[PDB]
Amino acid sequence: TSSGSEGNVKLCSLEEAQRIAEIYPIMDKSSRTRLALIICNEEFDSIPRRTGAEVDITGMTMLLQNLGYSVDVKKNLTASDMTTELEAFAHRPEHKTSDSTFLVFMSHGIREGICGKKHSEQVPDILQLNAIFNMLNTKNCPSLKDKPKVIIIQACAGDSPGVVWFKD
């Protein structure tokens, strides 16, 4: 049923769970404090508005909650603000009593990385993927050591359509 906490996510039954040393351990449902962060940039200074971003926010937020994660949603941030927010998210004590995390980044994008709210071709405002990993690794985020860190990115990686032609 969709009225439950897992909503539209198909449930894994007890017989299915037993059928599945090579798996990441899952914490007790009663005591665990699962955390997830979504950063979505809709309104920008120079780059056109990202219409339909609210559908993506709603969708991902509901899904991550369905999988048992408490979801933090932050909107329209510069690359500096994202760095600050990611640093703040890494320091959250709930991670210690969590078995995993989910990071979601949604924005306009270029080859170098994800665009902040103030990005322009003259004055770039870019968050590199390399910076995300660095803030969430064992050195800067010891609480998520040995725990799966899933990063989801909705953005362009450049300008190319990504296609080539071939004949039959």
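When you see a residue number, it is the position in the sequence shown, counting from 1.
- Missing deposited residues between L14 and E15: none, as the chain runs unbroken there.
- Averaged over CA atoms, B-factors in the entry run higher in 51 to 59 than in the other of 66 to 74 and 51 to 59.
- Comparing 129 to 137 with 40 to 48, the stretch with the higher mean C-alpha B-factor in the PDB entry is 40 to 48.
- Across the options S100, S143, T33, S120, the residue with the most elevated CA B-factor in the record is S120.
- Per-chain ranking of the deposited C-alpha B factor places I152 in the lowest third.
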